[PDB]
Amino acid sequence: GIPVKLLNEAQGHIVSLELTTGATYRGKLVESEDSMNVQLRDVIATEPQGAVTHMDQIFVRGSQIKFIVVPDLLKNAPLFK
Amino acid sequence: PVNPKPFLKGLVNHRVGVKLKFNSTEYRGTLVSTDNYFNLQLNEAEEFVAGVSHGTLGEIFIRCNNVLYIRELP
Amino acid sequence: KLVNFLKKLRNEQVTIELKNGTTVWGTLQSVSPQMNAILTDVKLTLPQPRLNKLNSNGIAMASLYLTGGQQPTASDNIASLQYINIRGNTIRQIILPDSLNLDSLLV
Amino acid sequence: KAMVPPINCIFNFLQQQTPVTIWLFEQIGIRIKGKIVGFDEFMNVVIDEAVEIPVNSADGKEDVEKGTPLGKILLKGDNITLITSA
Amino acid sequence: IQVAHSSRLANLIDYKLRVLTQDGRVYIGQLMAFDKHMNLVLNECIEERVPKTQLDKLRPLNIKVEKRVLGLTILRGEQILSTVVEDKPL
Amino acid sequence: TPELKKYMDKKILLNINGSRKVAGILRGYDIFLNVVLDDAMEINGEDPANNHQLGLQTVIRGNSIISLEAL
Amino acid sequence: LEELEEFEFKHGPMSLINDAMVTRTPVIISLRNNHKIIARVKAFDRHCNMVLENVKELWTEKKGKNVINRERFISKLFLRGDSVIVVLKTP
RNA sequence: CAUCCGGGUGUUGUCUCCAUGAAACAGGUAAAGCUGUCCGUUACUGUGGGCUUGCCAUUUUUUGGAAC
């Protein structure tokens, strides 16, 4: 359905994940899958308690993702037509 | 070697101990039957909570997702 | 089989009790093959001891407030909603009405 | 020098009869030592000479000295986090 | 707002929904899409949560909920408890 | 498949379930995100004194992997 | 193929649940929320979804140094199966 | 640079043939299928039609690591 297609359409934009562990990763979406497995690059990780750590890449298993925030300019991508 | 389904099919009519994921509860009893999903049925089974016997229960069914491990008993 | 039986409880006044303790009373308008349940004129409730045990039920009370239906500041946590759609995995039990002729539905 | 599939690594544990240590899924406080003797497509594993090893809360080391013998057990794959040699 | 009793999720596109998640938060936004897993796309999404400091007021009232403005947001279906309609389309 | 090809034969740090961390050379992977590690080490805190070498072969079950970071 | 599950329900572990249904004797079902249900099984499926009659639900609350044995009666109930831990035949 | 023999499309009128549950009355408009008004049907179930293409509990979603 459309939510996975929207995620694959976010590829190359900055997206922000929150995980089930509560952590937040903001970075450029490199790759995505029907599982919602995502790769991020050039990533700012916010620990749930507020700590901030920078990582060059992260791969996240899709089952551990809670929500993904994508850029708003995707609202009129062809997939919604 | 012995795979999980043949091993558990070989424990039928023997005593087994079914440790659970939760509450430190283990049921020890004679294995009656087993499903492909590893649902279990025990007769003469009895409950142990943290190693303390809670009396016999009789004939019980255990749903597959509650089981941690099934150990053979001597 | 049995969810295809739940498909027959339309327009009956079920009580769905969820796995977090939240109790949902209302008219059952539809049920998915996956037990996703759509209800109208819903009255969300939480048991009084659940509310007292704040540490173990803070999520449930927060969700009951954040549904937006908790208008009256009554002595019990109550939410009033015209429509709710419940994801079926979260349903623990469903009280059925006494008058229901189960023999005629389970065929 | 190739991709080694995880199932083939469990089969190497089985074939070379190498003792293993198993980290349980949410039970960070206990681990299981033994020898794998069979498995399936779900990583259910049959373990010979299983011993349940407590893990120290602060140090994080394995208290082998007070481990509990279990015998041949079928450890359900939904409860396995990690399998390692020795 | 009152909505038709026969309404399914397929009908609620462009409606503003409150979507409640299993960790105690709510997401409010216009529904753009849904999936067989109940994955949801919320446009212009806002998250509200009840801080633990203010949670005692809910025990047997004014609650100061914390908000984040998210924007276009994908919710993963397993995290969702239930969804409630807040507002009609424009 | 998990497209983990990028990570093969490189060091990775995996955050796994239970707030545990494991570092190792990715030896291979699976549709479920199961992975094999060479040279695996359990990570406890910052001090290397609390880190523990695991073994030659380590298999990690895919649902236990929360995340992995390239190193 | 339905003739397969017909057999797994007659000879596999769920045969116990089936005998409870056929002979109409009650069973004690332990739930994941620490509640016990003593009820008569009217119908079940492979998930251990159940439709039950004469449900008597028992659970114990904690109020500090003392506990209370709570109890309920439900005329008829649907139980989602994933909450089932152990189904025990009443002796 | 013209004439001539011809052509398309749109709108309105007219002519011929065939038809004629509601075509009454009033307003408005370039006009009307516009407004008041009138007629029929529909809301629940069954059958039928059309669409979706779902069915055709085992690690990434929905048959519970939860509960304390």
Side-chain angles (χ1 to χ4, degrees), chain A residues 1 3-4 20 32-38 60-66, chain B residues 4-5 20-24 35-39 63-66 68, chain C residues 1-4 10-11 18-21 32-37 53 55-57 86-92, chain D residues 6-7 24-28 40-44 76-81, chain E residues 4-6 8 10 22 35-40 75-80, chain F residues 1-2 17-18 30-35 60-66, chain G residues 1 5 14 31-35 45-50 59-62 79-85:
Chain A
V4 171
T20 311
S32 167
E33 298 165 36
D34 305 74
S35 60
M36 301 187 172
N37 290 334
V38 300
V60 180
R61 181 183 169 98
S63 71
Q64 320 286 4
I65 301 178
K66 190 184 297 184
Chain B
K5 209 184 297 174
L20 266 60
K21 301 184 169 125
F22 314 124
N23 302 322
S24 325
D35 192 12
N36 295 289
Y37 284 97
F38 308 86
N39 299 302
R63 199 179 185 282
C64 65
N65 62 292
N66 304 102
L68 186 67
Chain C
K1 188 65 182 183
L2 277 184
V3 185
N4 318 87
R10 285 173 60 225
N11 315 292
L18 311 175
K19 283 174 178 163
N20 62 1
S32 165
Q34 289 170 325
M35 298 184 60
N36 293 1
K53 198 172 181 172
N55 220 285
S56 305
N57 298 289
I86 299 168
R87 198 176 182 259
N89 72 295
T90 73
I91 294 181
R92 188 187 295 285
Chain D
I7 299 301
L24 304 190
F25 182 67
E26 282 257 10
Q27 331 220 336
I28 59 133
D40 69 11
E41 54 263 38
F42 318 121
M43 296 191 177
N44 298 308
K76 284 289 314 312
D78 44 298
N79 301 285
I80 293 175
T81 278
Chain E
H5 312 77
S6 300
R8 315 300 168 230
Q22 54 153 249
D35 196 21
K36 74 176 180 177
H37 293 292
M38 201 162 163
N39 302 309
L40 305 181
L75 278 157
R76 186 176 168 102
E78 59 185 292
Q79 289 308 114
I80 295 165
Chain F
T1 43
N17 155 280
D30 201 357
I31 46 163
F32 307 102
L33 206 76
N34 305 317
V35 296
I60 308 188
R61 200 174 188 261
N63 70 315
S64 298
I65 301 168
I66 311 284
Chain G
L1 272 57
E5 295 173 59
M14 297 204 187
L31 298 182
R32 288 279 285 274
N33 62 353
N34 303 127
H35 288 38
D45 74 21
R46 60 179 177 251
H47 305 285
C48 313
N49 293 325
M50 288 169 147
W59 70 99
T60 55
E61 328 220 340
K62 185 154 57 180
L79 173 70
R80 190 177 164 110
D82 48 26
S83 306
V84 173
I85 293 182

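We use all heavy atoms of the structure for the numbers below, so side chains are in, but hydrogens, waters and symmetry mates are not. Lettering follows sequence order; numbering is per chain, from 1.
A donor-acceptor contact under 3.5 Å is not formed by the side chain of F/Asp30 with the base of H/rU59. Contact annotation: side chain of G/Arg80 to base of H/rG64, donor-acceptor pair absent below 3.5 Å. Side-chain atoms of B/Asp35 come within donor-acceptor range of the base of H/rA57, with a qualifying N/O pair under 3.5 Å. Side-chain to base pairing of C/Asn89 with H/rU63: no donor and acceptor N or O lie closer than 3.5 Å to each other. The base of H/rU61 lies close enough to the side chain of E/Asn39 for a donor and an acceptor atom to sit less than 3.5 Å apart. The base of H/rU62 sits within donor-acceptor range of the side chain of C/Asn36, with an N or O pair under 3.5 Å. At a cut-off of 3.5 angstrom, counting only N and O atoms as typed in the model, there is no donor on one side facing an acceptor on the other between the side-chain of C/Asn55 and the base of H/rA67. At a cut-off of 3.5 angstrom, counting only N and O atoms as typed in the model, there is a donor on one side and an acceptor on the other between the side-chain of A/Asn37 and the base of H/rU60.
Proximity of a side-chain donor or acceptor of B/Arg63 to a complementary backbone N or O of G/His47 within less than 3.5 Å is detected. Not one N or O on the side chain of C/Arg92 forms a donor-acceptor pair closer than 3.5 Å with the backbone of C/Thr90. Here the side chain of A/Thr20 pairs no donor or acceptor atom with the backbone of A/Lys66 at under 3.5 angstrom.
Under a stacking criterion requiring six-membered ring centres under 5.5 Å apart and planes under 30°, the adjacent bases H/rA26 and H/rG27 are classed as stacked. The six-membered rings of H/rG64 and H/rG65 are unstacked by the 5.5 Å centre and 30° plane criterion.
When the P atom is used for both H/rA24 and H/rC39, the distance is 14 Å, rounded to whole Å. Rounded to whole Å, the P atom of H/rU52 lies 43 Å from the corresponding atom of H/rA32.
In this structure, the aromatic ring of B/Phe22 is not positioned over the six-membered ring of the base of H/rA66 within 5.5 Å between centres and 30° between planes. The ring of B/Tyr37 lies on top of the base of H/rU58, close enough and flat enough: under 5.5 Å between centres, under 30° between planes.
Side-chain contact annotation: C/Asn89 with C/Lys19, donor-acceptor N/O pair under 3.5 Å absent.
Sequence order on RNA chain H of the closest nucleotides to D/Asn79 and A/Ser35 puts A/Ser35 first from the 5' end.
Applying the 90° cutoff around 0 to the glycosidic angle, H/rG65 is assigned syn.
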